[PDB]
Structure formats: structure tokens, C-alpha cells
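**Q** Residue numbers (the entry's author numbering): 224 to 931, 1038 to 1214.
For every residue, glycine included, the Cβ atom is placed at its ideal position computed from N, Cα and C.
Structure, rendered in C-alpha cells:
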């Protein structure tokens, strides 16, 4: 856990930065280029004409906004990289970019807003014609403007501490010697400006490589990729032109282009076409004006990137980048220059889009949005639930008996834990809704306990009938009353939410029965009731001890610090590994969660110390207003999370203190849907009891049959011993085999009702029983045959590549663990923790390998994972011996 937040978003919230941008845009930037003075000491002499177009194209408001956003992103990534643990570079003060406080960040942004407002034309460097240096004069103008601004608004005492701070920032802005690495502010301004100006220098590929090499030592390799990707997105959002990056001349030119350091002018000369084989083989670089003679040749970009050492060291050797004119976001940059708000909003939009797209590309793409067809076991569970609804007399105080078969608390509990509740509830109907009230009538006297140990036990049936049960309401009104019962959290909701997630401890049989019965029906009511315009933000309250809160914060920080939107290479494999191992979205629950739009109600009424904020850009969540709005308040919503939708954190903010003095944290979660999150299913766990009931019914039919003029009797015996008895035996085997097709075949083999009616010697009781068996098996098995195949994760390529990358990574980590030789208690504890997390990673590998298995008739292999586990156990045995020695 770092001492500062992983997120810095000053531009979105801060007021002083926006005010400064508005002031500078209204005064200096939003005006045509005036042209430099012919004589600084004599204004009357006039001005030289501007060297380029009078419009502020290159150095307009767009440049300032992009540079400030890039500086903020640089601090973002520096903090992330410090959190991951890899060492960062140091400025000459010994400070690291992660160590700058937010106050210094605000000062840096304010002093960066004035970095370009002094210019008058596009001339650069020393001039031969007049022996002048326009750069120094322009930045002197900028320094004077900064001093005037800080004096005018009495800013000293408000942000800046004293005069020396203002003088330090003025010396930063003046840039007399290009002291590029004096202190973090120097770097954060200068290299940001260089990154932004990268787009104009040519050739583009060498400039990009040089900028990567500059950023690598300061922020890190992954940071040097992320910052460039973010700046490319800002370029496309604001509307600048970007030269084409083509480091291997795939477009088939005659040559890739001469190699040339754009800032310095270096060129590598070969003597007699002797192509080298490594960067070290290159002779020293000649200057820009060196001439070629005889049979000498300039080093070409293609040949330069054909070298192996450059290929290994610099990741961008193989990549190719999209040209701007191909997407043509042109030329609405001139339109963005008109107002700061447009460009600032676009910058914020791009910044959020990058973070969301990183995770979404890390996981598998959404194949379809339509919901799955039900699994055979879920259809069976829905039928079981409806059959229980049929009558409550069959319910006993410690077990459930139905159709001659008993059920334990274990069956209901693992049915809740394993199967979907949404589809099962959707399979039910309104007759079950009325049977709800019938059950409430039957179960009037049973007790119920809340999660508070001091709560008085209540009889749920009496409470329902008196308070919840509306006088003579229609079925929709009972659905709204069920939602209304969900509203009363204190006495009933806590027990349900604890039972449905195995958080329950000590509840008896009737409570778990009621939970597994009510959850699908309540969700059914929620889908059936109404449709409401869904808000795009939801706040959910929770109360947690600090011990759990610290682990939650650490998990969120790790997830945030590992997700990165790299440009050159793909780190999607690492994001997938880190999310699955550390995600906490299983705590968000699989029940009706009560949320609200208004943070004020949570902070005032409840005063909870943990708050979740859910974002739904895709509309994956489907929140519903709480039934009868006539009594239900506006700010009360219910949300049901499907299994293939998981929540991941992107922000962790310390907002304030509760009335008890406890720190209150506000998370932010982005909802992502992917087939990867569908849990593995132990299919057939609930089909077995259903098949047992069907077999019992068929056996009772056989019982009546063996309990049961001569021509009619002989024809009765013919029809029995030919059609039914063999068919009953066949369907008995089929149910024993749990084969629907064979049961259906025995069904077709069974005679028709009218054929039985022809045989008068068959008693009407047996005829009715046999026809009832036939119809019941038909209507129960035909839906049971539907959708017997679970939807398949068909993206084999992505899963295979991810598995290979993860396998390489875990093998490397196992080798690193093998290298370890401890010497004290602390090393032993660290090794134990590392072994534990590596074993968790191996479990992740096991799950991924199981998902990779597509054939039904082959066993899943764990030879590699078990080999690494054996190596780890050998190291675990060796470690105490080395420690003892």
C-alpha cells in the first residue's frame, strides 16, 4: 500500500488549474501570432513577419492541454511502477517521480500552463541573420507573464508559500541552460514538452525510439510504453496530424529511409557496403553535413532494425503504427482551439477510455449479449421448486420430502451455491406466486432470526400476513409486496444475504429453505415488474472492520497497478492473471443488492465507512426501481449481477472520516462481461433426484399394474405385457441410465389413451394412473431434453496464447524461487509467502488448463503443473536445511 493514491485526476476536479487555463487562453494563446519585434529596445521599428502561419497551430491551447495531461499521466505511471516494486530513476536531488506530493503537482501544472504563452513566432535556435536567440527572449516574456499573473491575483499565501518558490518556478520556466534533470519538476515539464513535440520531428520511427529511450530510465519500460500510448490517444482526440511509423518498410519502398537522430543529426556511415551484425559494430556517428564518397552508404532504418541486439533491447522493432490520415481526425483541432472545455472533456474521455479498454482487451471479448439457454440441472431445479410450491404439507421441520424422495439442507444449500437463480426464477410462473401466499399461510408459526444476536426472533408467516400482505391485492401487487419485503433490511434481508453466500453461521433448515425459495421468485418479480431509465452511477453501502478493509484496499491497489494499456507489446496475460487471483467481486453477492444514486443518504443516514461506486458504460447491469413508487422512495434500486459479469476496481479514494472518526473509502468499479467469468459447473448434481422421482412414479404405476370376457382379458394382457410392462422396464432403465432419449422412446412405445379406453377390462383407476404417468413424464422430460449443451468458450487462440505466456511466467518465477537461499527468519517467512502465492498461481493454471480441455472423452492433464509443484516442494524441503546450516 503506497502513501499516495494510485490516481491523479486534477484536471477533472481542480478549480485553480481550470481558472489558470481560462485566464491564459483569454489573454495570450487565443490570439494570432503577432511576430517578433525587429528591435526589442525600439517598438516603433515594427515587427518581422511571422515565419509560419499566423494561427497558433503547433503551440496553441491544444499543446498546453496535451502537455499537462501527459505530465499527470507520467506521475500516474511513476506511482504505479513504484508500487509494482521495480526501481525507478533518480533526479539529481535524489527524489523520485513517485515522491512528488499533490501540492507540488498542482504547482507544476500551474507553472506549466505558462510555458509557451511568451512566443511570437516559429523561429527556433540561434539566427545567423540578426545574431539573436529568439528562444531566450520568448521564454523571458513567458517568465514576465508568470510573475505578473502570480502578483495580480494575490496567489502567494494561497498556493505558493513565499517569494522563493515563485522564483524557483520562474527559473524553471526561463530555461537558460536546459538543465534537464535538476529536480523532478524540471523533468516533468521538459520531457513532457519533448514528448508532445515528438510528432513534428522526422523520421518518426527514430524519434519515437529516442523518446522511448529517454523515458525508460526515468519512469520504466512499461511506463515508456503507456505514456506514448496515452499521448497517441490524446493526439487523435484533439485532432493533430501524426506521421506514419513504419520501421520495417512493409509498404514496399525502395528503402526504409536513412537513419538519422532527429535531435542531433547523427548518421552512421559504412565504407564498402560491409553490412554489420550488431550495434557495437557501428563506427562512430558522423555529423549531419558529412558527405558520402566512393562506394560509401548511409545506414538504413531497415538494416538498423535488422540487428539482433536492438531487436532484443528495444521492444518497438517489429511494431507498426496507424497513420493519422488513415483515420483522418482532421482538421477539427482548429475547432478545439476555440474553447478550453471541448479539449478538456475530450482529454478526460480518452483517459477513461484507455483504462476501461485495457481491462476489456485483457479479458476475452463478449461473443454475444443474449443470455444463455438453461442448463439441464437448472430446469430440474426449477421443476423441483415448483413442485415444492405445489403443496407445503410435504415439508417437514428438518427435511423436505416430495414424490417419495427426501432432501437435506445440503441439497438446497449447494443448489444456491452452484446454480443460477435468474434463469431458474424466469422458468417459474404466477401460479407459484400464489403458492407463495399459500406457503406463507402454512408456515405461519415458524421462527426466524436476524444477524444481530440481540434481535428478537419473529414468526415470518405472521409478519408477512399482517404487515406485508396487502388486502386482496392482485398478483402484480404481491410481487411489489415481495420487493417491499426486500426493502425491510434490518430483520430479514441480512439473514438472506448471509445464507445465499455461505456467510451464514447457525441458521436452521427453514431459513435456508426460505432463502433458496425466495431468491428466484424475488428476481422473477424484479424482471416482471417494470422498466425504468437506468442511471449511469450507483452507490452501494457496506460496513466492514478495518482489518478486512486494509486487505481489500491492497487487492484493489494491486489490480489497478497491474492493468496497463501498453503500445508496443501486449501485457493482457498479466492483467488476466492478476484480476482472477485478487478480485473481490464475489463479495458483491448474487442477490438483490440495494443501491442508490445519492451519496448524501449513505453518508448521513447510515454513515457507512465503505462505499462501492459501480459504473455501467455498457448497460450490463439492469437496475430496477423498487416496485410501488407510491411508497418507495426515488433513491432505492435493486441490482442482480449475472455470473458472466464481474466488477473490477479502477480507483481508490480516501474521501473523509465517519462520525466515529474512521476513514471512509470510496471505490470505483467497472462492469465487464466476458465468457471467461462463467464458473465451471458440476452438471448432473440435481438431475439425479429428479430422475429418482420419475423412477418412483413409474414404479408405483408398475405397482398398480401388478395389482391388476376372456377375449377382453386376453387383449388386456396382450396390451399390457407387450406395450406397457416392457416400456415401464425400459424407462426405468433409462432413468437409471439418466438418458432422456430412451425414456422418450419408451414413451412412444407406450399405447395411446384411447387404445386403453378400448380395453374395458382395464379399470378406470389404473387407466387414469397410466395416462397420468405418461403425461407427467412427457411434460417433464421434453423440457429436460432442451438445451442439454452448455454454451462453449470457442475462442481457442486467445486462451492458448494466454496459457503459454502464463506458463512461461510461472516457470521463470519457479526458477527464481529455486535460486533463493535463506539466511534468517525474515527470509524464511518471505519464502513461505512466495510459495503460497505461487501455489495459488498454480491453481489458476489448473483452472485455465481445465477450461482449455474441449474433448469430453479425454482426461485433463496436469503433468507440467504437477512437475512445477514437485520442484516447489523440493525447494520447500531444501530451504530449512540451508537455513539450519
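1) Start and end of the beta strand (DSSP E) containing residue 763?
2) With a cut-off of 8 Å on the beta carbons, I'd call residue 837 and residue 763 a contact; round off their distance for me.
3) Cβ atoms of residue 428 and residue 541: under 9 Å apart, would you say?
4) For residue 701, count the other beta carbons within 10 Å of its own beta carbon; 16 or more makes it buried, fewer makes it exposed. Which is it?
5) If residue 819 and residue 770 are in contact, beta carbons under 8 Å, what's the gap, nearest whole angstrom?
6) Assess contact between the stretch 893-912 and the stretch 583-590, defined as three or more Cβ pairs (one per stretch) separated by less than 8 Å. Is contact present?
7) Once DSSP output is grouped into helix, strand and coil, what is the label at residue 558?
8) Can you give me the Cβ contacts of residue 488 inside the same chain, cut-off strictly under 7 Å, excluding the 5 residues immediately before and after it?
9) Do residue 871 and residue 895 have their CB atoms nearer than 9 Å?
10) If residue 168 and residue 302 are in contact, beta carbons under 8 Å, what's the gap, nearest whole angstrom?
11) Let me know the secondary structure DSSP gives residue 838 once reduced to three states.
12) Quick one, which of 791, 335, 461 and 863 has its alpha-carbon nearest residue 564's?
13) Spatial neighbours of residue 282 within its chain, please: CB distance less than 7 Å, with the 5 preceding and 5 following residues excluded, ordered by chain position.
14) Return the chain-ordered list of same chain residues with a C-beta closer than 6 Å to the C-beta of residue 766, the five sequence neighbours on each side being excluded.
15) For the alpha helix (DSSP H) holding residue 294, just list the boundary residues, first then last.
16) Is the distance from the Cβ of residue 546 to the Cβ of residue 467 below 9 Å?
17) By Cβ distance below 6 Å, which residues in the same chain neighbour residue 345 in space, the five residues on each side in sequence not counted?
18) In the structure shown, what three-state DSSP assignment does residue 1185 receive?
19) Who does residue 546 pair with in a DSSP beta bridge?
20) Let me know if residue 362 comes out buried or exposed under the rule of 16 or more other beta-carbons within 10 Å of its beta-carbon.
21) Helix, strand or coil: which one does DSSP assign to residue 887?
22) When the Cα atoms are used, what is the spatial distance from residue 1098 to residue 924?
23) Along the chain, where does the alpha helix (DSSP H) that runs through residue 601 open and close?
24) On the DSSP letters alone, give me the boundaries of the beta strand (DSSP E) that residue 860 sits inside.
25) If distances are taken between C-alpha atoms only, which option among 1192, 297, 891 and 757 comes closest to residue 408?
26) Do you know offhand how far residue 446's Cα is from residue 388's?
27) Based on the DSSP output, what are the partners of residue 814 in its beta bridges?
28) Among residues of its own chain, excluding the 5 on either side of residue 318, which ones have a beta-carbon nearer than 6 Å to its beta-carbon?
29) Could you check what DSSP says for residue 345 in three-state terms: helix, strand or coil?
30) Taking 9 Å as the threshold (C-beta atoms), are residue 746 and residue 811 in contact?
31) When DSSP labels each residue in this structure, what does residue 519 get in the three-state scheme?
32) I need the straight-line Cα distance from residue 1063 to residue 1056, nearest angstrom please.
33) Whole angstroms are fine: how far does the CA of residue 601 sit from the CA of residue 1117?
34) Can the beta-carbon of residue 331 be found closer than 9 Å to that of residue 323?
35) So, helix, strand or coil for residue 405, using DSSP?
36) Kindly give me the distance between the Cβ atoms of residue 735 and residue 666, rounded to whole angstroms, as I take these residues to be in contact under 8 Å.
**A** Here's the rundown:
1) The residue given as residue 763 occupies position 540 in the chain shown. Note, residue 763: beta strand (DSSP E), 760-765.
2) For this step, residue 837 is matched to residue 614 along the chain shown. For this step, residue 763 is matched to residue 540 along the chain shown. The pair is a contact, with the Cβ atoms about 7 Å apart (cut-off 8 Å).
3) Working through the chain shown from its first residue, we reach residue 541 at position 318. Working through the chain shown from its first residue, we reach residue 428 at position 205. Taking 9 Å as the cut-off, the Cβ atoms of residue 541 and residue 428 do not count as close.
4) Locating residue 701 in the chain shown gives position 478, counting from the first residue. Buried, since its Cβ has 16 or more Cβ neighbours within 10 Å.
5) Reading the chain shown from its first residue, position 596 is the one you call residue 819. Reading the chain shown from its first residue, position 547 is the one you call residue 770. At roughly 27 Å, the Cβ-Cβ gap does not stay under 8 Å, so residue 819 and residue 770 are not in contact.
6) yes
7) As a working note, residue 558 is residue 335 in the chain shown. The answer is helix: DSSP assigns residue 558 an H, G or I state.
8) Position 265 of the chain shown, counting from 1, holds the residue named residue 488. The residues are 510 and 511.
9) For this step, residue 871 is matched to residue 648 along the chain shown. For this step, residue 895 is matched to residue 672 along the chain shown. Result yes, Cβ atoms of residue 871 and residue 895 sit closer than 9 Å.
10) Only positions 224 to 1214 of the chain appear in this structure, which leaves residue 168 out of reach.
11) In the chain shown, counting from the first residue as 1, residue 838 sits at position 615. In this structure, residue 838 counts as strand in the three-state DSSP scheme.
12) As a first step, residue 564 is located in the chain shown; it is residue number 341 there, counting from the start. Nearest of 791, 335, 461 and 863 to residue 564, Cα basis: 461.
13) Reading the chain shown from its first residue, position 59 is the one you call residue 282. For residue 282, where only same-chain residues beyond five positions count, the Cβ hits under 7 Å are 339 and 342.
14) Taking the chain shown and counting its residues from 1, one reaches residue 766 at position 543. Closer than 6 Å at the Cβ level, and outside the excluded window around residue 766, lie 831.
15) One-based indexing of the chain shown puts residue 294 at position 71. Its alpha helix (DSSP H) spans residues 284-307.
16) Indexing the chain shown from 1 puts residue 546 at position 323. Indexing the chain shown from 1 puts residue 467 at position 244. Cβ distance < 9 Å, so residue 546 and residue 467 count as in contact.
17) Here residue 345 refers to the residue found at position 122 of the chain shown. Here the set comprises 274 and 275.
18) The count along the chain shown starts at 1 and reaches residue 1185 at position 856. It is coil, neither helix nor strand.
19) Translated into positions along the chain shown, residue 546 becomes position 323. Per DSSP, none; premise fails for residue 546.
20) Translated into the one-based positions of the chain shown, residue 362 becomes position 139. With a threshold of 16 other beta carbon atoms within 10 Å, residue 362 meets it and is buried.
21) Numbered from its first residue, the chain shown carries residue 887 at position 664. Residue 887: strand per DSSP, three-state reduction.
22) Sequence index remark: in the chain shown, residue 1098 carries index 769 (1-based). Sequence index remark: in the chain shown, residue 924 carries index 701 (1-based). Approximately 7 Å between the Cα atoms of the pair.
23) For this step, residue 601 is matched to residue 378 along the chain shown. Taken as a continuous stretch (DSSP letters only), the alpha helix (DSSP H) holding residue 601 covers 599-613.
24) One-based indexing of the chain shown puts residue 860 at position 637. First-last of the beta strand (DSSP E) with residue 860: 860-862.
25) As a working mapping, residue 408 is identified with position 185 in the chain shown. When each option's Cα is compared against that of residue 408, the closest is 297.
26) The residue you call residue 446 lines up with position 223 of the chain shown. The residue you call residue 388 lines up with position 165 of the chain shown. Each residue's Cα considered, the two are about 30 Å apart.
27) Locating residue 814 in the chain shown gives position 591, counting from the first residue. According to DSSP, which records beta bridges pairwise, residue 814 is partnered with nothing at all.
28) Start at 1 with the first residue of the chain shown, and residue 318 comes out as number 95. Once the five neighbours on either side are set aside, the close Cβ partners of residue 318 are 407.
29) Position 122 of the chain shown, counting from 1, holds the residue named residue 345. Three-state result, residue 345: coil.
30) In the chain shown, residue 811 corresponds to position 588, counting from 1. In the chain shown, residue 746 corresponds to position 523, counting from 1. Cβ atoms of residue 811 and residue 746: not closer than 9 Å.
31) As a position in the chain shown, residue 519 is number 296, starting the count at 1. Coil.
32) Taking the first residue of the chain shown as 1, we reach residue 1063 at position 734. Taking the first residue of the chain shown as 1, we reach residue 1056 at position 727. The alpha-carbon atoms of residue 1063 and residue 1056 are separated by roughly 10 Å.
33) For the purposes of this step, residue 1117 is taken as the residue at position 788 of the chain shown. For the purposes of this step, residue 601 is taken as the residue at position 378 of the chain shown. Distance between the alpha carbons of residue 1117 and residue 601: 10 Å.
34) As a position in the chain shown, residue 331 is number 108, starting the count at 1. As a position in the chain shown, residue 323 is number 100, starting the count at 1. Cβ atoms of residue 331 and residue 323: closer than 9 Å.
35) Residue 405 sits at position 182 when you count from the first residue of the chain shown. Residue 405: coil per DSSP, three-state reduction.
36) Within the chain shown, numbered from 1, the residue matching residue 735 stands at position 512. Within the chain shown, numbered from 1, the residue matching residue 666 stands at position 443. That pair is no contact at about 14 Å.
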